[PDB]
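Close look at the chain arrangement
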2 protein chains.
Amino acid sequence: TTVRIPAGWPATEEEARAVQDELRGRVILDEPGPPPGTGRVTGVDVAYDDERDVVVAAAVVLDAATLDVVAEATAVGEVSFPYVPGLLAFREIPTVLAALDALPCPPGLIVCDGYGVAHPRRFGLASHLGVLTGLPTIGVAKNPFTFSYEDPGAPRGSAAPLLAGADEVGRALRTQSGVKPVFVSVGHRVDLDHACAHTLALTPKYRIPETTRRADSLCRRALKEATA
Amino acid sequence: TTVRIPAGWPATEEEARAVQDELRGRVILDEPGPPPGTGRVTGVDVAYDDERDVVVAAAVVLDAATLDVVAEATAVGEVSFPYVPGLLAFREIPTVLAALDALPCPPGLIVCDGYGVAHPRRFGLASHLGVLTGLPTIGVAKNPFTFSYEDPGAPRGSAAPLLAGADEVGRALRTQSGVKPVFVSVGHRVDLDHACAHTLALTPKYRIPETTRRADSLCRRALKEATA
Ligand SMILES: OCCC(CCO)C(CO)(CO)CO
Ligand SMILES: [Cl-]
Ligand SMILES: [Mg+2]
Ligand SMILES: [Mg+2]
Ligand SMILES: [Mg+2]
Ligand SMILES: [Mg+2]
C-alpha cells in the first residue's frame with residue numbers, strides 16, 4: 001500500500017518551482033481562521049528512512065479543547081523528489097495527503113512541523129498542503145532556518161516578527177517562560193494572531209506543540225514497523 | 001508545591017507595561033462568546049496573605065445549565081510582582097494559570113472577579129488571562145473602580161453604560177432588584193451583550209455571580225490551610 005510518485009509529479013527543479021509559483025496564488029492570507037480550544041486540531045510530521053527511498057507520514061487528530069487524541073493515521077510512500085533545499089515538500093506531500101486521507105474524520109486545523117509562508121518562495125510545506133487540501137494550516141518550527149528575529153519578551157505569549165530580509169514571514173513565539181521560542185508561520189486560511197493562539201493553546205506544558213510531539217512519535221514508530 | 005515566579009516574568013513596571021501593550025492588540029472583541037446555559041462556566045478568584053508574600057488561586061467549574069459544581073482546583077504561589085495600580089494582575093496570573101491547569105476539564109468560559117477591558121490601560125485580569133489561555137473570558141466587579149455610570153433601572157436585568165471618559169468599557173448591571181449593580185466588562189472572545197447575559201444567568205438569587213462566590217470561598221479556605 002506504498003504511496004507511489006503521483007502521475008506527472010515534477011521531475012526537475014524548474015518544474016517544481018513553477019508549481020510553487022502557480023499554486024501560491026491560491027493561498028488565502030486574510031481569513032482569520034478557527035479559534036483555539038474548539039473543534040479538531042491535527043499534527044502532521046514525517047520520518048525519512050536512511051536505507052531505502054521511503055518516507056512515512058503521520059497525522060494525529062486532537063480534540064482542541066482537551067488535547068486528547070481522537071484519531072490517527074500513517075502512510076508509507078516513495079520519496080517523490082530529490083533532495084533540493086527550497087523544494088523539500090515535493091518529497092513528502094503525496095504521502096502526507098495519504099495519511100490525512102486515511103483519517104476517519106476531518107483534521108480541522110493542520111499544524112505542520114515546519115514552515116508555511118516563511119519560505120524562500122513563500123510556499124513551504126504548510127502553505128503547499130493548505131492549498132492542495134483547501135484546509136486551514138499553519139507551521140510551527142523548532143529553529144528559525146535562515147530568518148532573523150529580535151528576542152521576543154521573556155514571558156510565555158510574547159512574540160516578535162520573524163523576518164526574511166526585511167519582510168515579516170512569521171513570528172518567534174515564546175511558548176514557555178524563559179525558554180527558547182518556536183517559529184510560527186501561516187500556511188493557509190489562518191492569520192498570524194490565530195496561528196499564535198493555536199500554538200499557545202497546544203503548548204501549555206511543553207515548548208513544542210502537542211500535535212508535533214504526537215505526530216513525530218507516530219511517524220517514527222510507523223517507519224520502524226515498515227522497515228521491519 | 002508552591003508556584004514560583006515564572007523564569008522570565010516582568011520585574012519592572014516598564015516590562016509589565018510592555019507585556020500589556022503587546023498582548024492588548026490580541027484581545028478579541030468581535031466574537032459573541034458561548035451561548036448562556038450551555039457547556040461549562042468557570043469562576044476564578046484569589047486570596048492574598050498579609051503576613052507571607054503568597055497568593056492562593058481557585059478555579060471552580062460549574063455546569064452552565066444548573067450551576068452545579070463539577071470541578072475544582074487551587075494553587076498556592078509566590079506573589080510575582082510588587083503592588084502597582086494598573087499592573088495588579090502581574091501578581092497573581094502565574095498562580096491562577098496553575099489552578100486552571102490543574103482542572104480535569106476545559107473551563108468553557110472564565111468569569112473573573114475583576115475587570116477585562118475596563119482597565120486603566122484596557123487590559124485587565126480577564127483580558128490578560130484570555131490572551132494567555134485563548135479562552136473566552138469576562139470580568140464581573142463589585143465596584144466601578146474610577147469609571148462613571150448612571151444608575152441602571154430598578155428591575156433585575158436593567159443595565160447602563162460604564163464609561164471611561166466618554167468610551168464605554170462595560171456596563172453597570174442590575175443582577176437583583178433593590179440591590180446595587182455589579183460591573184461587567186468584556187475580557188476576551190465575548191461581547192458585552194453576552195457578558196451581561198452570562199452574568200444574569202449566574203445570579204438567579206444573589207447579587208454576586210455564583211462562579212465568584214464559589215471561587216472566593218475556595219481560595220480563602222485554601223489560603224488558611226496553606227499558612228496553617
Ligand atoms: O482543557 C485542557 C487544557 C486546560 C487545562 C485544564 O482546564 C487549559 C486551562 O487554561 C485550557 O483550557 C490549558 O492548561
Ligand atoms: Cl522547502
Ligand atoms: Mg519532523
Ligand atoms: Mg519529526
Ligand atoms: Mg476577588
Ligand atoms: Mg475574593
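By the naming in the PDB entry, chain A is Endonuclease V, taken from Streptomyces avermitilis. Here the entry title, as the record gives it, is "Crystal structure of the Endonuclease V (SAV1684) from Streptomyces avermitilis. Northeast Structural Genomics Consortium Target SvR196". Reading the Function entry of the UniProt record for chain A gives the comment "DNA repair enzyme involved in the repair of deaminated bases. Selectively cleaves double-stranded DNA at the second phosphodiester bond 3' to a deoxyinosine leaving behind the intact lesion on the nicked DNA." The record in UniProt for chain A states the following under Sequence similarities: "Belongs to the endonuclease V family."

Moving on: the side chain of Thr95(A). Looking at the secondary structure, you find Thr95(A) in helix α2 (residues 93–101). If we skip the residues at most four places from it in the chain, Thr95(A) touches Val3(A), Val55(A), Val56(A), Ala57(A), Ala75(A), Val76(A) and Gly77(A).

So, about the site of ligand 1. The environment of ligand 1 is made up of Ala65(A), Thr66(A), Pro204(A), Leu100(B), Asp101(B), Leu103(B), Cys105(B), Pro106(B), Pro107(B), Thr133(B) and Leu135(B). Near ligand 1, the surrounding residues belong to chains A and B. Within the backbone of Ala65(A), a nitrogen or oxygen atom sits 2.7 Å from an oxygen atom of ligand 1. Contact distances for ligand 1 include 2.6 Å between an oxygen atom and a side-chain N or O atom of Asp101(B). With the chains in place, 83% of the 360 Å² that ligand 1 exposes on its own is no longer accessible. Judged by the fraction of its atoms near the pocket grid, ligand 1 is located in the largest pocket. For the shell around ligand 1, the class distribution of residues is 8 nonpolar, 2 polar and 1 charged.

Another point: the packing of α2(A) against helix α3 (residues 125–133) of chain A. All names here are of chain A. Taken N-terminus to C-terminus, the directions of α2 and α3 make an angle of 55°; their axes are 11 Å apart at the nearest point. Here α2 is positioned oblique relative to α3, judged by the angle of their axes. Of the two elements, α2 crosses α3, and the hand of that crossing is right-handed. Residue-level contacts link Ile-93, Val-96, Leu-97 and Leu-100 of α2 to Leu-125, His-128, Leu-129, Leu-132 and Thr-133 of α3. Considered class by class, the residues forming the contact of α2 with α3 number 7 nonpolar, 2 polar and no charged.

Once that is clear, we can look at the sheet that holds strand β8 (residues 167–173) of chain B. Residue and element names in this part refer to chain B. Taken in spatial order, the 9 strands line up as β3-β2-β1-β4-β5-β9-β8-β7-β6 in an open sheet, and their pairing is mixed. The two strands at the open ends of the sheet, each matched to only one other strand, are β3 (69–78) and β6 (148–149). Here β6 runs beside strand β7 (residues 159–164); their pairing, made up of 2 bridges, is antiparallel. Bridging across to β7, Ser-148 finds its partner in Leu-163. The strands touched by helix α4 (residues 192–201) within the sheet are β5 (137–141), β8 and β9 (182–188), with β8 carrying the most contacts at an inclination of about 20°.

A few words on the coordination of the magnesium ion (ligand 5). Residue and element names in this part refer to chain B. Donor atoms from the polypeptide that bind the magnesium ion (ligand 5) are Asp-45 (OD) and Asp-113 (OD), placed at 2.4 Å. Separating the magnesium ion (ligand 5) and the magnesium ion (ligand 6) is a distance of 2.9 Å, and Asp-45 donates to both of them. A residue pair is termed long-range when its members are at least 10 positions apart, and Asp-45 in strand β1 (residues 40–48) and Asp-113 in the loop between β4 (110–112) and α3 (125–133) qualify at 68 residues. Taking the relative accessible area as the measure of exposure, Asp-113 reaches 23% and is therefore partly exposed.

To continue, consider the state of the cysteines. For the structure on display, the rule yields 0 disulfides over all chains. Just so you know, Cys105(A) is unpaired, no disulfide at all, and the nearest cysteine sulfur is the one on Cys112(A), 16 Å from it.

All names here are of chain A. Following the criterion strictly, the structure yields 1 cavity of 30 Å³ or more and no others. Quantified by volume, the largest cavity comes out at close to 40 Å³. Residue lining of the largest cavity: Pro-36, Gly-37, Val-41, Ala-64, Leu-67, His-198, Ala-201 and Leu-202, and that is the complete set. Partitioned by chemical class, the residues of the lining of the largest cavity number 6 nonpolar, 2 polar and no charged.

Every contact between the two is made by 16 residues of chain B and, on the other side, 15 residues of chain A. Buried surface at the junction of chain B and chain A, both sides included, amounts to about 1,100 Å², of which 54% is carbon and sulfur. When the area that chain B buries against chain A is broken down by residue, the three leading residues are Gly8(B), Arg26(B) and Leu132(B), summing to 38%. Where chain B touches chain A, the interface holds 0 salt bridges. Summed over the shared surface of chain B and chain A, the result is 3 residue pairs in polar contact. Looking at the side of chain B that touches chain A, the elements that each hand over two or more residues are α1 (13–23) and α3 of chain B. No other element matches α1(B), which puts 3 residues into the side of chain B that touches chain A. The residue makeup of the side of chain B that touches chain A, split by class, is 9 nonpolar, 3 polar and 4 charged.

Cut-off values and rules
Here the numbering of residues is sequential along each chain, from 1 in written sequence order, and it may depart from the entry's numbering. Residues without coordinates do not appear. Both sets of labels track the order of writing: A upward for chains, 1 upward for ligands. Side-chain calculation: all heavy atoms of the structure are included, whereas hydrogens and water are not. UniProt positions are given in the numbering used here, feature names are shortened, and annotations may be inferred rather than shown by experiment. Every helix listed is a DSSP run of H or I at least four residues long, and every strand listed is a run of E at least two residues long, numbered separately from the N terminus. The criterion used for residue contact is that any of the two residues' heavy atoms lie within 4.5 Å. Any residue with a non-hydrogen atom lying within 4 Å of a molecule or strand is treated as near it. Any pair of nitrogen or oxygen atoms within 3.5 Å is treated as a polar contact; in protein, a donor-acceptor pairing is required on top of that, and neighbouring residues in sequence qualify only through side-chain atoms on both sides. Here the open area of atoms and residues is found with the Shrake-Rupley method and a 1.4 Å probe, where only the protein chains shown may cover a residue. Using a 1 Å grid laid over the protein atoms alone, points where a 1.4 Å probe fits but cannot get out form a cavity; open sets with protein on both sides within 12 Å along at least 5 of 7 lines form a pocket; any residue with an atom within 4 Å of a point counts as lining. Think of it this way: a molecule belongs to a cavity or pocket when more than half its atoms come within 2 Å of the grid points there. Three residue categories are used. Nonpolar comprises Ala, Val, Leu, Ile, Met, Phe, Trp, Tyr, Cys and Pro, charged comprises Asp, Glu, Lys and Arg, and polar comprises the others, including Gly. Each axis is a line fitted through C-alpha atoms, and for a helix only the stretch in contact is used; angles between axes span 0 to 180 degrees, taken between their N-to-C directions. Any angle between 65 and 115 degrees counts as roughly perpendicular, while under 35 counts as roughly parallel, over 145 as roughly antiparallel, and the rest as oblique. Each crossing gets its handedness from the near helix: less than a right angle anticlockwise from the far helix is left-handed, clockwise is right-handed. Strand pairing follows a simple DSSP-based rule, namely that at least 2 bridges must link the two strands. Note that water is not among the atoms considered, so a metal site may appear incomplete; the donors listed are N, O and S atoms within 2.8 Å of the metal, with 3.2 Å applied to Na, K and Ca. Under the scheme applied here, a residue whose accessible area is under 20% of the maximum for its type counts as buried, over 50% as exposed, and between as partly exposed, the area being computed with a 1.4 Å probe on protein chains only. Only a pair of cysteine sulfur atoms within 2.5 Å counts as a disulfide in this structure description. Grid points are joined across faces, edges and corners, and a volume is the space filled by probe spheres set on the points. Two parts placed together each lose some accessible area; with a 1.4 Å probe, that loss summed over both constitutes the buried area. Criterion for a salt bridge: a side-chain nitrogen of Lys or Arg within 4 Å of a carboxyl oxygen of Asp or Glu.

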